[PDB]
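Q: My questions all concern the structure below.
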Amino acid sequence: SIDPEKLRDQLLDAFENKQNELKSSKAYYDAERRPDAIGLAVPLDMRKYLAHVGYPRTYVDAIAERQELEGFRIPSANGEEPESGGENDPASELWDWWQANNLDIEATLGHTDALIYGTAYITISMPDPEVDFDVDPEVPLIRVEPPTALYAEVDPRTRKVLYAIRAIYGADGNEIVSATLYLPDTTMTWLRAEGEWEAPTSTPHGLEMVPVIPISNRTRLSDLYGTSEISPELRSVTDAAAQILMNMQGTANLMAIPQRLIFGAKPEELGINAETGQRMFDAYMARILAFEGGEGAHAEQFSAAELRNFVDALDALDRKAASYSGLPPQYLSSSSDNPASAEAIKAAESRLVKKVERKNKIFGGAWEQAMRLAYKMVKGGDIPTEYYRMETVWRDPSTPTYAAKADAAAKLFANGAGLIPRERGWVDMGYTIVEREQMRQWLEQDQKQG
Amino acid sequence: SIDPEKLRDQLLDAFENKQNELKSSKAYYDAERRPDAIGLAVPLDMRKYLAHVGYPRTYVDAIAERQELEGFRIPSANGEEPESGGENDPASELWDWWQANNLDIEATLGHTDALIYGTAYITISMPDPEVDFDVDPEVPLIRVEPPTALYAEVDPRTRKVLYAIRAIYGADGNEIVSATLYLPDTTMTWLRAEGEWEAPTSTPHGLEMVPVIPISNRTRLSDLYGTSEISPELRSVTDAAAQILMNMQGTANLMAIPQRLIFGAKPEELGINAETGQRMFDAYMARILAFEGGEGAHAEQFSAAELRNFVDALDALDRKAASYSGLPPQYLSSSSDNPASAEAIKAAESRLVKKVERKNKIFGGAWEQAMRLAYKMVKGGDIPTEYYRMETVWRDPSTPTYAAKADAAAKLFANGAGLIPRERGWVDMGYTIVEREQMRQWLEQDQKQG
Amino acid sequence: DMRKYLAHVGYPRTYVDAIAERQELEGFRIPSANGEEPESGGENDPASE
């Protein structure tokens with residue numbers, strides 16, 4: 001074993017060493033300055049005019065904003081007929097804790113950090129009564145915390161957490177203001193900076209396990225810890241397009257104009273003011289200049305640069321950024337078409353839908369595990385064996401074509417004489433578990449009237 | 001612990017130092033002068049003719065104008081929903097307070113500051129009969145107030161507000177005319193109307209928490225205080241396009257026409273006046289000039305600058321600003337195809353609608369806390385535990401399509417034989433909570449007629 | 001001498017008119033006493049006053 005006094009210092013070093021990697025992925029989503037984004041042709045005083053490219057934010061938002069949780073399924077004993085009535089089902093308890101914590105806000109935030117940095121953590125406890133918070137005392141306190149504020153050590157053998165630590169910085173600056181340890185046996189916390197530390201506040205803990213569950217963006221089994229969604233291909237076209245935008249911008253300031261010259265005309269004959277090198281001439285539009293013609297003088301000009309030449313590369317890098325991201329080609333530099341039919345929308349979005357349906361699986365596992373820990377912690381003792389088959393249920397990531405579903409669900413149900421039972425029509429219309437519940441009350445109330 | 005007069009001064013200095021940040025985000029929404037917006041190629045005399053670019057205001061308004069609140073929703077014992085209507089159910093008190101404060105006017109207004117600056121604050125109080133002569137004395141007085149007039153210190157430990165201060169400037173903006181402290185259990189107010197601070201008025205409020213709540217534009221968990229919606233990439237394309245407009249306009253004023261030259265002709269042979277360097281000649285259209293034209297004299301030109309060279313860069317930067325913002329392409333690109341059908345509308349708006357649905361989740365979390373604090377201040381004691389499961393219900397951000405919804409809802413209801421109960425068809429048609437309450441009474445008055 | 005030929009541009013007129021010509025009030029709603037929301041113009045009510 002190791003002392004809790006040492007278990008800060010031993011892995012706050014690892015917490016700080018993590019921040020050097022996280023800062024790389026942040027620069028792409030926050031659209032910060034990068035050496036690789038600076039366009040090389042622009043002269044060194046004009047290089048202050050950074051151009052930033054929104055592909056990383058566009059891709060991470062297009063995933064993160066389409067996923068939402070409807071509820072949980074827990075397989076009942078004696079057949080799939082559970083209900084929220086007297087002696088209510090397991091799922092209506094876990095959904096009450098989801099609502100009472102506002103996890104429908106904290107999850108949609110925390111999935112964004114999980115996509116940017118590759119992981120985020122779900123923290124479980126009872127609420128402390130002594131701090132007077134706006135929380136129901138009877139529910140487990142569940143909240144999501146970013147990898148910028150929390151760290152965990154994962155066992156290489158079993159791939160489950162051994163140790164975890166929060167570090168909370170001051171309102172500005174690099175100084176810590178609180179740190180907290182999670183261990184299987186206990187949670188412990190400190191309320192001052194590095195040096196001047198308080199004595200440990202401590203809480204004894206009911207689980208065999210650390211009450212910190214990693215959400216992680218595992219693309220693949222050989223991702224041990226999850227990986228940033230802002231892939232090296234998408235970074236490459238972001239930095240490449242930023243250079244084309246800066247060089248185009250420099251060209252518009254320096255060369256989109258033809259530069260006009262006269263050769264063989266003596267500065268003395270033109271009446272150039274010798275101490276400034278310039279002659280002003282009164283230049284309203286139609287006037288004709290006439291010269292003595294010097295040493296057999298003539299006019300010349302350097303031609304303008306074609307700004308179109310850079311735009312033909314901006315379009316090509318947009319075409320690559322769409323292909324790597326799998327966004328519908330109406331996003332980014334918009335294509336010469338828009339999907340004008342309910343089927344053509346599913347044709348355009350099919351990649352983005354299947355990537356969000358894939359994220360809904362790998363984040364579902366972390367939420368199911370956190371709900372088992374929250375139950376085992378608040379109810380105490382054992383977990384009922386059916387909770388090992390618990391599944392999250394998520395909204396369809398596609399744009400809801402309501403009228404195209406309504407014709408189809410009506411033709412299938414056919415006033416009760418048709419192919420499907422009433423509740424399957426309600427599922428296919430995409431009504432959430434809480435809506436399909438309340439429609440039973442309205443349908444029973446309609447059946448009093450006929 | 002801290003002296004209120006010291007704690008008033010100590011964070012008036014913090015409220016003031018924050019204004020040096022907010023003036024940057026204001027400059028993009030107002031379209032103030034920026035150094036980065038000035039097109040470099042125009043000569044010093046013409047840099048006065050600034051071009052102001054509207055992408056930031058176009059984006060922030062396009063979100064803020066689609067957000068609206070229909071009403072609150074709260075659970076109940078045994079699943080007993082409210083029925084027949086017009087009685088004070090748990091949510092109808094909260095909606096009466098929303099109406100009585102005109103928050104339907106003030107909230108959509110204050111969400112604009114929450115998107116521009118990244119935060120705005122909800123201030124909660126009881127009416128003062130000596131000052132608040134224009135309000136119902138029985139409702140809590142709830143106001144939304146900008147970060148240019150209120151400041152608050154959140155604890156990075158557990159995210160509660162510890163302290164907050166209003167400061168009001170006089171109509172000239174030279175000095176503070178009043179300040180107010182919101183402490184956890186009491187409020188204090190000072191005046192400066194004819195000199196330095198008078199002794200404070202005060203009001204105990206006895207709540208466990210400060211009656212100031214931040215609305216914040218939380219981008220992700222790591223974005224602790226929320227950030228401006230006018231992101232660094234949308235700033236950089238706004239300033240880039242403003243330079244192109246100044247260079248194009250300066251080129252039109254000075255070089256969009258040929259410059260006409262004659263070489264080898266002596267000014268004295270042309271009869272050019274020696275006091276002024278000019279000769280006027282009558283220039284009605286078809287007149288032919290003739291010159292003695294010795295020693296290889298000839299006419300020639302400099303080319304016009306081709307203004308469509310800059311327009312090919314404006315078109316490219318419009319595709320970038322549309323890409324970064326996620327607006328429909330017809331807001332910015334403008335020449336692009338208008339959506340021809342209800343499904344094409346749901347495709348083109350898809351990313352803007354999904355962005356507004358995200359803001360409805362995030363800002364809804366602050367308005368439910370305002371209603372919990374308002375209930376605690378009006379009724380006293382502790383909240384009925386159902387209020388921790390409160391939900392804000394918002395208008396669908398989608399551009400309406402009443403004909404397609406009517407074709408669908410009629411096919412699903414099938415004159416009462418169909419798939420869904422009558423009240424669900426009213427929800428799917430988008431009739432708001434306060435309007436379904438009227439239909440539920442007109443339907444009964446129609447039922448008495450047969 | 002030709003700068004007397006002013007070129008007046010109508011975007012501000014066009015924008016302010018295209019808002020102002022859409023705005024039209026068509027009544028006031030006052031919520032009824034005791035939850036009895038239906039009232040009608042055959043007798044005096046707060047809306048009609």
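Residue numbers start at 1 in each chain; chains themselves are named A, B, ... in the order of the structure tokens; ligands are numbered from 1 in the order shown.
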Quick one: DSSP helix (DSSP H, G or I) residues in stretch 196-355 of chain B, as number ranges by chain?
A: B: 232-254, 308-325, 329-332, 342-348, 350-355
Q: Distance cut-off 12 Å, counting only C-alpha atoms - which residues of chain C neighbour chain A? Return them as a list in words.
A: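 In the required form, that comes to residues 1, 2 and 3 of chain C.
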Q: Could those residues be written to a file, using C-alpha atoms, as an mmCIF file, in the first residue's frame?
A:
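Dumped to part.cif:
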data_model
loop_
_atom_site.group_PDB
_atom_site.id
_atom_site.type_symbol
_atom_site.label_atom_id
_atom_site.label_comp_id
_atom_site.auth_asym_id
_atom_site.auth_seq_id
_atom_site.Cartn_x
_atom_site.Cartn_y
_atom_site.Cartn_z
ATOM 1 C CA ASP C 1 -17.397 70.079 -61.413
ATOM 2 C CA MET C 2 -19.125 66.720 -62.179
ATOM 3 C CA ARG C 3 -19.241 65.804 -58.413
#
Q: Do you know which residues are at most 12 Å from residue A:342 counting only C-alpha atoms, after dropping those on the same chain fewer than 5 positions away, and could you put them as a VMD selection string?
A: (chain A and resid 347 to 349 398 to 405) or (chain B and resid 341 to 347)
Q: Got time to write the residues from that selection, N, CA, C and O atoms, as a PDB file, in the first residue's frame?
A:
ATOM      1  N   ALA A 347     -29.477   9.688 -47.980  1.00  0.00           N
ATOM      2  CA  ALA A 347     -28.327   9.434 -48.842  1.00  0.00           C
ATOM      3  C   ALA A 347     -27.131  10.330 -48.497  1.00  0.00           C
ATOM      4  O   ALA A 347     -26.004   9.848 -48.415  1.00  0.00           O
ATOM      5  N   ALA A 348     -27.359  11.625 -48.270  1.00  0.00           N
ATOM      6  CA  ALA A 348     -26.305  12.575 -47.925  1.00  0.00           C
ATOM      7  C   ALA A 348     -25.740  12.340 -46.520  1.00  0.00           C
ATOM      8  O   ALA A 348     -24.528  12.359 -46.327  1.00  0.00           O
ATOM      9  N   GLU A 349     -26.597  12.109 -45.527  1.00  0.00           N
ATOM     10  CA  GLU A 349     -26.187  11.996 -44.123  1.00  0.00           C
ATOM     11  C   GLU A 349     -25.693  10.612 -43.692  1.00  0.00           C
ATOM     12  O   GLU A 349     -25.243  10.473 -42.561  1.00  0.00           O
ATOM     13  N   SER A 398     -30.396  11.031 -37.420  1.00  0.00           N
ATOM     14  CA  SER A 398     -30.797  11.626 -38.704  1.00  0.00           C
ATOM     15  C   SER A 398     -31.799  12.775 -38.537  1.00  0.00           C
ATOM     16  O   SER A 398     -32.517  12.850 -37.539  1.00  0.00           O
ATOM     17  N   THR A 399     -31.892  13.682 -39.513  1.00  0.00           N
ATOM     18  CA  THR A 399     -32.921  14.736 -39.509  1.00  0.00           C
ATOM     19  C   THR A 399     -34.321  14.109 -39.547  1.00  0.00           C
ATOM     20  O   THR A 399     -34.589  13.292 -40.429  1.00  0.00           O
ATOM     21  N   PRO A 400     -35.239  14.458 -38.629  1.00  0.00           N
ATOM     22  CA  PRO A 400     -36.529  13.789 -38.520  1.00  0.00           C
ATOM     23  C   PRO A 400     -37.493  14.232 -39.624  1.00  0.00           C
ATOM     24  O   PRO A 400     -38.144  15.272 -39.527  1.00  0.00           O
ATOM     25  N   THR A 401     -37.621  13.431 -40.679  1.00  0.00           N
ATOM     26  CA  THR A 401     -38.599  13.643 -41.757  1.00  0.00           C
ATOM     27  C   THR A 401     -39.991  13.178 -41.304  1.00  0.00           C
ATOM     28  O   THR A 401     -40.448  12.070 -41.579  1.00  0.00           O
ATOM     29  N   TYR A 402     -40.666  14.015 -40.514  1.00  0.00           N
ATOM     30  CA  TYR A 402     -41.904  13.643 -39.830  1.00  0.00           C
ATOM     31  C   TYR A 402     -43.008  13.185 -40.785  1.00  0.00           C
ATOM     32  O   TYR A 402     -43.620  12.147 -40.553  1.00  0.00           O
ATOM     33  N   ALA A 403     -43.250  13.903 -41.882  1.00  0.00           N
ATOM     34  CA  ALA A 403     -44.315  13.543 -42.813  1.00  0.00           C
ATOM     35  C   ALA A 403     -44.058  12.205 -43.526  1.00  0.00           C
ATOM     36  O   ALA A 403     -44.976  11.397 -43.666  1.00  0.00           O
ATOM     37  N   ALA A 404     -42.817  11.916 -43.921  1.00  0.00           N
ATOM     38  CA  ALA A 404     -42.483  10.647 -44.563  1.00  0.00           C
ATOM     39  C   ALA A 404     -42.642   9.450 -43.611  1.00  0.00           C
ATOM     40  O   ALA A 404     -43.061   8.379 -44.043  1.00  0.00           O
ATOM     41  N   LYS A 405     -42.382   9.619 -42.308  1.00  0.00           N
ATOM     42  CA  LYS A 405     -42.722   8.610 -41.293  1.00  0.00           C
ATOM     43  C   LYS A 405     -44.228   8.503 -41.070  1.00  0.00           C
ATOM     44  O   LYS A 405     -44.735   7.393 -40.965  1.00  0.00           O
TER      45      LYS A 405
ATOM     46  N   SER B 341     -38.632  22.892 -51.450  1.00  0.00           N
ATOM     47  CA  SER B 341     -39.626  21.996 -50.842  1.00  0.00           C
ATOM     48  C   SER B 341     -39.409  21.843 -49.333  1.00  0.00           C
ATOM     49  O   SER B 341     -38.316  22.110 -48.839  1.00  0.00           O
ATOM     50  N   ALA B 342     -40.415  21.380 -48.592  1.00  0.00           N
ATOM     51  CA  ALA B 342     -40.353  21.230 -47.136  1.00  0.00           C
ATOM     52  C   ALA B 342     -39.185  20.344 -46.664  1.00  0.00           C
ATOM     53  O   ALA B 342     -38.522  20.663 -45.681  1.00  0.00           O
ATOM     54  N   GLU B 343     -38.869  19.263 -47.378  1.00  0.00           N
ATOM     55  CA  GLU B 343     -37.710  18.433 -47.036  1.00  0.00           C
ATOM     56  C   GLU B 343     -36.396  19.167 -47.329  1.00  0.00           C
ATOM     57  O   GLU B 343     -35.477  19.128 -46.518  1.00  0.00           O
ATOM     58  N   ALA B 344     -36.303  19.921 -48.426  1.00  0.00           N
ATOM     59  CA  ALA B 344     -35.116  20.721 -48.728  1.00  0.00           C
ATOM     60  C   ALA B 344     -34.870  21.815 -47.682  1.00  0.00           C
ATOM     61  O   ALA B 344     -33.724  22.101 -47.351  1.00  0.00           O
ATOM     62  N   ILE B 345     -35.928  22.402 -47.118  1.00  0.00           N
ATOM     63  CA  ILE B 345     -35.828  23.332 -45.989  1.00  0.00           C
ATOM     64  C   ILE B 345     -35.249  22.615 -44.774  1.00  0.00           C
ATOM     65  O   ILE B 345     -34.264  23.063 -44.197  1.00  0.00           O
ATOM     66  N   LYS B 346     -35.803  21.460 -44.390  1.00  0.00           N
ATOM     67  CA  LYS B 346     -35.291  20.700 -43.244  1.00  0.00           C
ATOM     68  C   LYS B 346     -33.851  20.239 -43.441  1.00  0.00           C
ATOM     69  O   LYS B 346     -33.131  20.111 -42.461  1.00  0.00           O
ATOM     70  N   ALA B 347     -33.397  20.048 -44.675  1.00  0.00           N
ATOM     71  CA  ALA B 347     -31.993  19.806 -44.976  1.00  0.00           C
ATOM     72  C   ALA B 347     -31.129  21.064 -44.810  1.00  0.00           C
ATOM     73  O   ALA B 347     -30.132  21.021 -44.093  1.00  0.00           O
TER      74      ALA B 347
END
Q: Could you produce a table of the residues of chain B lying within 6 Å of chain A, with the nearest pair of atoms per residue and their separation in Å rounded to one decimal, using only C-alpha atoms, ordered by chain and increasing residue number, as CSV?
A:
residue,atom,partner,partner_atom,distance
B:40,CA,A:253,CA,5.8
B:41,CA,A:253,CA,5.4
B:220,CA,A:109,CA,4.7
B:221,CA,A:109,CA,5.4
B:233,CA,A:52,CA,4.8
B:236,CA,A:51,CA,5.5
B:260,CA,A:288,CA,4.9
B:261,CA,A:289,CA,4.8
B:262,CA,A:290,CA,4.6
B:263,CA,A:293,CA,4.9
B:264,CA,A:293,CA,4.1
B:265,CA,A:292,CA,5.4
B:266,CA,A:292,CA,4.8
B:305,CA,A:257,CA,5.9
B:319,CA,A:333,CA,5.2
B:323,CA,A:332,CA,4.4
B:324,CA,A:54,CA,5.3
B:343,CA,A:341,CA,5.7
B:344,CA,A:340,CA,4.4
B:388,CA,A:100,CA,5.3
B:389,CA,A:100,CA,5.0
B:408,CA,A:403,CA,5.1
B:412,CA,A:410,CA,5.6
B:417,CA,A:415,CA,5.6
B:418,CA,A:415,CA,5.0
B:421,CA,A:443,CA,5.1
Q: So that I have them on file, write out the residues from the current selection with C-alpha atoms, as a PDB file, in the first residue's frame.
A:
ATOM      1  CA  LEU B  40      -3.537  47.659 -46.445  1.00  0.00           C
ATOM      2  CA  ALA B  41      -3.312  48.659 -50.141  1.00  0.00           C
ATOM      3  CA  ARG B 220     -17.782  22.110 -23.327  1.00  0.00           C
ATOM      4  CA  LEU B 221     -17.052  21.050 -19.672  1.00  0.00           C
ATOM      5  CA  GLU B 233     -12.344  31.630 -36.846  1.00  0.00           C
ATOM      6  CA  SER B 236     -10.670  35.985 -38.684  1.00  0.00           C
ATOM      7  CA  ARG B 260      -3.937  57.437 -70.715  1.00  0.00           C
ATOM      8  CA  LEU B 261      -0.357  58.447 -71.632  1.00  0.00           C
ATOM      9  CA  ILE B 262       1.385  60.281 -74.508  1.00  0.00           C
ATOM     10  CA  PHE B 263       5.180  60.034 -74.941  1.00  0.00           C
ATOM     11  CA  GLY B 264       7.560  62.179 -77.039  1.00  0.00           C
ATOM     12  CA  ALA B 265       5.190  65.202 -77.191  1.00  0.00           C
ATOM     13  CA  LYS B 266       6.724  68.396 -75.671  1.00  0.00           C
ATOM     14  CA  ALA B 305      -7.373  46.886 -62.479  1.00  0.00           C
ATOM     15  CA  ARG B 319     -18.128  30.059 -48.487  1.00  0.00           C
ATOM     16  CA  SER B 323     -18.924  26.827 -43.459  1.00  0.00           C
ATOM     17  CA  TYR B 324     -17.789  28.090 -40.011  1.00  0.00           C
ATOM     18  CA  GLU B 343     -37.710  18.433 -47.036  1.00  0.00           C
ATOM     19  CA  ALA B 344     -35.116  20.721 -48.728  1.00  0.00           C
ATOM     20  CA  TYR B 388     -35.300  19.076  -9.077  1.00  0.00           C
ATOM     21  CA  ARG B 389     -36.776  17.199 -12.144  1.00  0.00           C
ATOM     22  CA  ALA B 408     -49.177  14.026 -41.487  1.00  0.00           C
ATOM     23  CA  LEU B 412     -51.968   9.569 -37.902  1.00  0.00           C
ATOM     24  CA  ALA B 417     -59.491   5.537 -35.064  1.00  0.00           C
ATOM     25  CA  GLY B 418     -55.756   6.154 -35.730  1.00  0.00           C
ATOM     26  CA  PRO B 421     -54.335  10.235 -29.000  1.00  0.00           C
TER      27      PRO B 421
END
Q: Would you mind reading off the distance between atom CA of residue A:430 and atom CA of residue A:350, one decimal, in Å?
A: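 Computing the Euclidean distance for atom CA of residue A:430 and atom CA of residue A:350 yields 17.9 Å.
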Q: Can you tell me which residues surround residue B:28 at a distance of at most 8 Å, considering only C-alpha atoms, apart from same-chain residues fewer than 5 positions away, and format the answer as a VMD selection string?
A: chain B and resid 56 to 57 230 235
Q: DSSP says strand (DSSP E or B) for which residues of stretch 99-204 of chain B? Put them as number ranges by chain?
A: B: 119-125, 141-145, 150-154, 161-169, 176-182, 186-191, 201-204
Q: Distance atom CA of residue B:139-atom CA of residue B:376, one decimal place?
A: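 Computed distance, atom CA of residue B:139 to atom CA of residue B:376, equals 12.4 Å.
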Q: Quick one: distance from atom CA of residue B:210 to atom CA of residue B:166 in Å, one decimal?
A: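 Atom CA of residue B:166 lies 12.8 Å from atom CA of residue B:210.
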Q: Would you mind listing what lies within 7 Å of stretch 25-39 of chain C as a PDB file with N, CA and C atoms, in the first residue's frame, with only C-alpha atoms counted and same-chain residues fewer than 3 positions away left out?
A:
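What ended up in result06.pdb:
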ATOM      1  N   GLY B  86     -56.721  25.510 -16.295  1.00  0.00           N
ATOM      2  CA  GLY B  86     -57.038  26.788 -15.632  1.00  0.00           C
ATOM      3  C   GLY B  86     -56.738  26.853 -14.124  1.00  0.00           C
ATOM      4  N   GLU B  87     -56.428  25.726 -13.478  1.00  0.00           N
ATOM      5  CA  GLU B  87     -55.964  25.653 -12.085  1.00  0.00           C
ATOM      6  C   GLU B  87     -54.433  25.802 -11.970  1.00  0.00           C
TER       7      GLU B  87
ATOM      8  N   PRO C  46     -61.821  43.049 -20.815  1.00  0.00           N
ATOM      9  CA  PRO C  46     -60.561  43.784 -20.837  1.00  0.00           C
ATOM     10  C   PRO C  46     -59.918  43.898 -22.223  1.00  0.00           C
ATOM     11  N   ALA C  47     -59.967  42.836 -23.025  1.00  0.00           N
ATOM     12  CA  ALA C  47     -59.436  42.855 -24.383  1.00  0.00           C
ATOM     13  C   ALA C  47     -60.162  43.881 -25.265  1.00  0.00           C
TER      14      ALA C  47
END
Q: Can you pull out the residues contacting stretch 352-369 of chain B? Cut-off 7 Å, using only C-alpha atoms, and skip same-chain residues under 5 positions away; I want them as a list in words.
A: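 Result of the neighbour search: residues 65 and 105 of chain A; 63, 66, 67, 213, 214, 215, 326, 327, 390, 392, 394, 397 and 398 of chain B.
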